[PDB]
Amino acid sequence: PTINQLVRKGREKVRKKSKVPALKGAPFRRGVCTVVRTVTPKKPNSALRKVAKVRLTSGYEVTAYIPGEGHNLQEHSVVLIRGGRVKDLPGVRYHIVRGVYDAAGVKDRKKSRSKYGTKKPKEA
Amino acid sequence: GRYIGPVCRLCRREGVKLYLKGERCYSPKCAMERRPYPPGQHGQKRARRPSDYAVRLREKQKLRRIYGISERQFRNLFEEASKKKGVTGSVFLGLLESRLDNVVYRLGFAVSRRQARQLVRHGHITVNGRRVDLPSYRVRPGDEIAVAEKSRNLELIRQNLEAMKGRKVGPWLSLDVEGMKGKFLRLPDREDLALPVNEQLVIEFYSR
Amino acid sequence: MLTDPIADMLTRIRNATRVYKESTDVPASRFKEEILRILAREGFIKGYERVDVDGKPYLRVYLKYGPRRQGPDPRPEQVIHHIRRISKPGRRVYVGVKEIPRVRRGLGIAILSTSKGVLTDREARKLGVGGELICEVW
Amino acid sequence: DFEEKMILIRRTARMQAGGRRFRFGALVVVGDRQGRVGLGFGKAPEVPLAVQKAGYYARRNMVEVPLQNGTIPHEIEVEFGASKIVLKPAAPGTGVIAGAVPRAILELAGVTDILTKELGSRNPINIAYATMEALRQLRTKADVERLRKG
Amino acid sequence: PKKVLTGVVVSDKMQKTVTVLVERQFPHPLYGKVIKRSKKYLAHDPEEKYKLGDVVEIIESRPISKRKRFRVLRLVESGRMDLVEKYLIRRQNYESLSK
RNA sequence: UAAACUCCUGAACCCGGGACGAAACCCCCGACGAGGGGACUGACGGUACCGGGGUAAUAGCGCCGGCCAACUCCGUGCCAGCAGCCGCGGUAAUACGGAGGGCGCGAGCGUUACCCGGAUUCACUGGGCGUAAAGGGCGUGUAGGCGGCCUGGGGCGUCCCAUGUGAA
RNA sequence: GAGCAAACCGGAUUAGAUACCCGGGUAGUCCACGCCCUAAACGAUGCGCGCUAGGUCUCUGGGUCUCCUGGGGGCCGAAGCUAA
RNA sequence: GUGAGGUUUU
Ligand SMILES: [Mg+2]
Ligand SMILES: [Mg+2]
Ligand SMILES: [Mg+2]
Ligand SMILES: [Mg+2]
Ligand SMILES: [Mg+2]
Ligand SMILES: [Mg+2]
Ligand SMILES: [Mg+2]
Ligand SMILES: [Mg+2]
Ligand SMILES: [Mg+2]
Ligand SMILES: [Mg+2]
Ligand SMILES: [Mg+2]
Ligand SMILES: [Mg+2]
Ligand SMILES: [Mg+2]
Ligand SMILES: [Mg+2]
Ligand SMILES: [Mg+2]
Ligand SMILES: [Mg+2]
Ligand SMILES: [Mg+2]
Ligand SMILES: [Mg+2]
Ligand SMILES: [Mg+2]
Ligand SMILES: [Mg+2]
Ligand SMILES: [Mg+2]
Ligand SMILES: [Mg+2]
Ligand SMILES: [Mg+2]
Ligand SMILES: [Mg+2]
Ligand SMILES: [Mg+2]
Ligand SMILES: [Mg+2]
Ligand SMILES: [Mg+2]
Ligand SMILES: [Mg+2]
Ligand SMILES: [Mg+2]
Ligand SMILES: [Mg+2]
Ligand SMILES: [Mg+2]
Ligand SMILES: [Mg+2]
Ligand SMILES: [Mg+2]
Ligand SMILES: [Mg+2]
Ligand SMILES: [Mg+2]
Ligand SMILES: [Mg+2]
Ligand SMILES: [Zn+2]
């Protein structure tokens with residue numbers, strides 16, 4: 001506005017916050033899943049998608065998504081987390097990197113092969 | 001390691017005829033004859049207009065594919081090209097034409113860039129005894145360049161001065177065929193260094 | 001009050017050029033006197049003189065325009081395109097010898113205030129001075 | 001002997017009882033690279049009439065762009081409604097840095113080097129009319145010297 | 001090059017010293033506005049000649065207290081009690097903002 | 001031209017040689033200074049490098065509806081899934097998985113977290129307040145921000161010149 | 001405390017009146033007091049100054065009252081503004 | 001100067 005109001009009041013900072021609540025600025029964080037029950041999606045689409053509530057090492061317990069054609073998970077599983085968001089689920093804002101020692105990648109995967117974490121498909 | 005594979009593939013998608021093989025390019029077998037369409041089994045599709053990103057992308061290919069210097073090897077060249085004081089779209093062309101691939105090739109010691117890159121790369125073409133196995137050398141103005149004394153009587157160099165038995169190359173260089181050497185005199189300009197590339201729609205893409 | 005009579009005079013200029021007045025008035029001052037030989041020097045307005053209306057020291061402003069050319073908006077084009085005062089009381093503006101704006105690349109001009117009177121852009125680059133940037137016609 | 005490049009195709013609609021209709025409005029920029037440039041906005045229910053009719057709508061108007069050192073002579077700040085297009089000069093060989101629509105107009109008029117930027121809205125029609133309104137304010141030194149004869 | 005800065009006397013309620021604030025002008029480093037700020041510089045008065053409501057000159061010296069560094073060198077003018085009101089009315093305007 | 005094929009250079013590999021980095025400290029002559037001369041020392045390292053002989057000898061990653069570069073078939077039929085947004089998959093899915101092709105980069109390619117720009121989306125350059133968010137319900141009034149004309153002084157703010165300094 | 005009228009009691013309506021309609025009727029509406037702090041407290045337009053075509057209906061001070069010189073209350077409208 | 005027992009969303 002006026003210059004005297006710019007000296008007295010001053011402009012404000014926009015104060016954006018972290019969209020992911022994972023502490024310490026972590027790209028990845030080790031977690032343990034508890035129950036892998038499913039959640040129905042929003043209005044435009046319907047799919048019995050795979051979602052596991054994973055407690056972290058920082059004292060949190062979050063709602064995570066499993067990507068790929070199935071998974072290999074148990075109740076006492078160590079699940080490394082990635083983050084991001086899932087658009088058509090109400091509570092999910094985390095992804096799971098397949099390739100960690102309790103989450104191996106799905107076989108027959110050679111196009112998004114490094115994204116879904118599998119080794120080279122051996123020729124025969 | 002800049003690109004290894006099908007190299008006349010880039011001509012059919014590129015459009016205008018490119019000279020990167022030599023004896024196959026100047027002959028009427030450059031695969032531009034009888035096969036104009038871009039490669040792949042789509043090829044002669046409908047006449048869809050390329051987007052304005054795609055036109056300057058293909059202009060990035062007409063500046064990059066012929067010279068062979070890759071993209072991470074290329075952004076820095078545009079960076080000191082913009083750092084030099086003058087018309088950057090004209091200084092950049094001769095600035096890439098100050099390298100031992102196209103200085104040696106415009107001197108005519110090779111039939112294409114894949115002979116200049118390789119025969120300079122093994123370490124034969126020397127800058128006055130200081131042999132250089134490395135075509136990324138910036139050629140100074142007025143630099144005389146000769147081949148190795150063991151390379152003066154090879155089975156390929158004798159076929160690499162054959163067409164240039166006294167060829168009147170333009171004023172950005174000089175040459176001595178009977179001494180088998182040359183002298184890059186000064187940096188080439190925009191138009192008399194005549195290669196099929198456009199100037200205007202390049203800095204627009206590289207500033208974005 | 002007349003808190004800014006100088007911006008009021010520039011509002012006489014930019015207000016008179018939009019409504020096409022032949023002559024207009026401004027209350028007289030020795031600094032408003034000091035503005036006008038730049039405009040009459042570069043040909044923005046014709047002249048200025050000390051007049052008197054009802055016992056009040058005033059100043060006439062003689063505008064000029066171009067020829068009446070054909071086309072939409074047939075009223076002729078103005079000499080200035082407009083004027084915006086830089087030296088505000090709410091934000092004082094002081095420039096050095098190198099803090100000289102490029103006033104339309106060399107087409108318009110800015111009026112400055114130096115210790116050696118009122119002086120302009122090109123002779124500020126040649127003379128090497130600096131002061132309070134008054135205004136900028138472009 | 002112009003170039004006549006169409007750059008925008010808009011499919012409009014109006015509601016008739018039972019079913020809505022269509023009206024196609026294109027946007028044709030015409031030029032010859034020596035300063036002559038024109039703009040056309042057409043109204044036709046089908047595409048080649050939407051490009052041709054806007055072509056003649058680009059042909060019956062013409063405005064000459066003054067070219068000093070191959071580029072525009074001076075910087076301008078022009079407000080057409082909400083769109084605030086701002087053009088500036090450049091050095092020779094700098095580059096035609098523009099948005100989509102001045103990238104679609106100044107390369108038809110023939111500007112060698114432009115550094116421009118718009119503010120406010122992003123409507124290509126208002127950037128187009130803001131551009132054709134913007135380049136009419138371009139004057140050289142000579143037509144200001146012969147204008148200012150005091 | 002010890003600085004010689006002009007201040008104004010608003011209070012001499014404590015003996016052998018004076019409460020002197022110094023007004024000064026500086027533009028804002030971002031917005032660029034010449035605004036007048038002040039900061040009190042407690043000075044010693046060994047002669048007891050500078051009364052309440054003076055305009056004095058200030059030279060720095062060796063400190064005798066916590067939060068004392070300066071002393072009074074000279075008076076430029078005096079008697080302008082209106083500026084002493086221009087501080088002290090701000091002293092009796094702080095009580096209207098409390099619980 | 002991709003492959004095999006005629007020809008060539010032959011990275012790796014082997015053989016032999018071997019470095020600047022090192023002349024000082026230390027003595028001799030000389031007037032214990034000034035000056036000149038002589039002597040020792042390498043982890044790197046038998047390495048970088050030089051002279052030859054000599055084998056054609058690694059390649060993958062992400063994307064392909066629009067933003068943004070690049071499409072055909074098979075199976076899946078709101079399920080399996082993609083997903084930064086718009087949002088797709090209901091028997092022709094150019095949006096899923098696979099085959100092929102193409103695109104970008106290349107010993108690198110995608111993904112994540114953070115920061116800036118994009119964003120004029122805190123606007124000092126560079127925004128508004130009738131209807132999109134916005135004038136306090138209104139007035140007096142403290143501090144503050146300012147402020148009519150002319151003359152004279154101060155040179156505090158402002159401008160100019162040389163120097164200290166803004167280390168590396 | 002005359003009338004009206006929250007709450008509430010009955011008649012019709014409807015599955016339903018606790019509403020629109022009707023019959024009374026309670027604080028309240030009215031007066032002095034100390035308080036309370038609210039809105040479509042609107043012109044959804046902060047205050048003050050200066051400039052910028054006019055036409056049209058009235059209030060008000062003066063004249064040379066035919067018309068002009070100050071202020072204030074509405075409509076259209078030049079330039080200008082706005083996304084309209 | 002004059003008009004509605006009056007309605008619910010598929
Ligand atoms: Mg659905
Ligand atoms: Mg091959
Ligand atoms: Mg916007
Ligand atoms: Mg080959
Ligand atoms: Mg052979
Ligand atoms: Mg051999
Ligand atoms: Mg020793
Ligand atoms: Mg001895
Ligand atoms: Mg010695
Ligand atoms: Mg010695
Ligand atoms: Mg050893
Ligand atoms: Mg050794
Ligand atoms: Mg071989
Ligand atoms: Mg596309
Ligand atoms: Mg996609
Ligand atoms: Mg920015
Ligand atoms: Mg910003
Ligand atoms: Mg602002
Ligand atoms: Mg806004
Ligand atoms: Mg509203
Ligand atoms: Mg509102
Ligand atoms: Mg006050
Ligand atoms: Mg004041
Ligand atoms: Mg003043
Ligand atoms: Mg004076
Ligand atoms: Mg000073
Ligand atoms: Mg430094
Ligand atoms: Mg009743
Ligand atoms: Mg009002
Ligand atoms: Mg009337
Ligand atoms: Mg009257
Ligand atoms: Mg009047
Ligand atoms: Mg009136
Ligand atoms: Mg109106
Ligand atoms: Mg208008
Ligand atoms: Mg109904
Ligand atoms: Zn070819």
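Colleague: Looking at this structure, how should I read the overall build of chain C?
Modeller: Per the secondary structure count, chain C includes three helices and six strands. Secondary structure of chain C in N-to-C order comes out as α-β-α-β-β-β-β-α-β. In summary, chain C has a C-alpha radius of gyration of 16 Å against a globular reference of 14 Å for 138 residues, a match within 12%. Based on the C-alpha atoms only, the size of chain C along its principal axes is roughly 45 × 40 × 25 Å. Across the 138 residues of chain C, 41% fall into the buried class. Looking at chain C alone, contacts between residues at least 24 apart form 58% of all its contacts between residues at least 6 apart. If you sum the accessible surface of chain C, you get close to 8,200 Å²; carbon and sulfur atoms cover 50% of it.

Colleague: Explain the sheet that holds strand β3 (residues 36–41) of chain D to me, please; I cannot follow it from the model alone.
Modeller: The pairing of strands in a sheet comes from backbone hydrogen bonds and takes either a parallel or an antiparallel form. Residues and elements named next belong to chain D. The strand order across the open sheet built from four strands is β1-β2-β3-β4, with neighbouring strands paired in antiparallel fashion. Across the chains shown, the open sheet's two edge strands, defined by having one partner strand only, are β1 (5–14) and β4 (63–64). Note: β3 against β4, two bridges, orientation antiparallel. Across the sheet, residue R36 finds its bridge partner in β4, namely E64. Of the strands in this sheet, β1, β2 (21–31) and β3 touch helix α1 (residues 47–59), which is tilted by about 45° from β2. Along the sheet face, helix α3 (residues 124–134) touches β1, β2 and β3 and points at about 145° away from the line of β3.

Colleague: For this particular structure, what's the right way to read the arrangement of the chains?
Modeller: For the non-touching pair chain A and chain B, the nearest C-alpha separation works out to 20 Å. Without any contact between them, chain B and chain E keep their closest C-alpha atoms 30 Å apart.

Colleague: Explanation requested: a positive patch on the surface in the structure shown.
Modeller: Residue and element names in this part refer to chain E. A contiguous patch of positive charge on the surface is contributed by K3, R24, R37, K39, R67, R90 and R91. Elements supplying a minimum of two residues to the positive patch: β3 (35–40) and α1 (81–91). As for its position among the elements, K3 is in the segment before β1 (4–11). Given a relative accessible area of 46%, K3 falls into the partly exposed group.

Colleague: Help me understand the protein's contact with RNA strand G, please; the structure alone is not making it clear to me.
Modeller: Neighbouring residues of RNA strand G: 13 residues in total, closest C:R12, C:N15, C:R18, C:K21 and D:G81. Of what RNA strand G places within 4 Å of the protein, 85% of the atoms are sugar or phosphate. Contact between RNA strand G and C:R18: a sugar or linking oxygen at 3.1 Å from a main-chain N or O atom of the residue. By residue number, the principal contributor to the surface near RNA strand G is helix α1 (residues 5–19) of chain C, which donates six residues.

Colleague: I keep staring at the interface of chain D and chain B and nothing clicks. Help me out?
Modeller: By a widely used convention, the size of an interface equals the accessible area lost when the partners come together. The interface is formed by 12 residues belonging to chain D together with 13 residues belonging to chain B. Both faces combined, the contact of chain D with chain B buries some 880 Å², and carbon together with sulfur accounts for 43% of it. Remark: the boundary between chain D and chain B carries two salt bridges. Between D:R103 and B:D52 there is a salt bridge, and its shortest N-O distance comes to 4.0 Å.

Colleague: When you look at the packing of aromatic side chains in this model, what are you seeing that I'm missing?
Modeller: Both the distance between ring centres and the angle between the ring planes are used here to describe each pair of aromatic rings. The final tally for this structure, using the stated rule, is 11 aromatic pairs over all chains. Centre to centre, the rings of B:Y19 and B:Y26 are 5.1 Å apart; their planes meet at 25°, and the pair counts as stacked. Judged by relative accessible area, which is 61%, B:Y26 ranks as exposed. Ring geometry for D:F22 versus D:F24: centroids 6.4 Å apart, planes at 55°, classification tilted.

Colleague: Just checking my understanding: could you explain the pairing of strand β6 (residues 70–78) of chain E for this structure?
Modeller: The two faces of a sheet get side chains in turn, since along a regular strand they alternate between them. Residues and elements named next belong to chain E. Of the pairings in the sheet, the one linking strand β4 (residues 43–44) to β6 comprises two bridges and is parallel in character. Residue pairing across strands places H44 opposite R71, the latter belonging to β6. By the bridge criterion, seven bridges tie strand β5 (residues 54–60) to β6 in an arrangement that is antiparallel. Within β6, the residue paired with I58 across the bridge is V72.

Colleague: I'm lost on the domain arrangement of chain C in this one. Help?
Modeller: Residue and element names in this part refer to chain C. As assigned here, chain C comprises domain 1 (3–80) and domain 2 (81–138). The distance between the C-alpha centroids of domain 1 and domain 2 comes to 20 Å. Each partner contributes to the interface: domain 1 provides 16 residues, whereas domain 2 provides 15 residues. Carbon and sulfur atoms make up 71% of the surface buried where domain 1 meets domain 2, a total of about 1,400 Å² over both sides. For the pair domain 1 and domain 2, the interface holds zero salt bridges.

Criteria and cut-off values
- Residues numbered from 1 in each chain as written, not as in the entry; some residues may be left out.
- Chains lettered and ligands numbered in written order.
- Part of a larger assembly, values for the part shown.
- Heavy atoms only, no water.
- Helix = DSSP H or I, 4+ residues; strand = E, 2+ residues; numbered from the N terminus.
- Rg over C-alpha atoms; globule rule 2.2 N^0.38 Å.
- Buried < 20%, exposed > 50% of the residue type's maximum accessible area, 1.4 Å probe, protein only.
- Contact = heavy atoms within 4.5 Å.
- Areas by Shrake-Rupley, 256 points an atom, 1.4 Å probe, with all protein chains shown as cover.
- Pairing = 2+ DSSP bridges.
- Axes fitted to C-alpha atoms, helices over the stretch in contact; angles between N-to-C directions.
- Patch = residues over 30% accessible without salt bridge, like charges linked within 9 Å, V, L, I, M, F, W, Y side chains within 5 Å.
- Salt bridge = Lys/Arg side-chain N within 4 Å of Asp/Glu carboxyl O.
- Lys, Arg positive; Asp, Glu negative; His and termini not counted.
- Charge placed at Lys NZ, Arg CZ, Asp CG, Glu CD.
- Near = heavy atom within 4 Å.
- Polar contact = N/O pair within 3.5 Å; in protein donor to acceptor, adjacent residues only side chain to side chain.
- Buried area = accessible area lost by both parts, 1.4 Å probe.
- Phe/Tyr/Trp six-rings, centres within 6.5 Å; stacked < 30°, edge-to-face > 60°.
- Domains from an automatic or database assignment.

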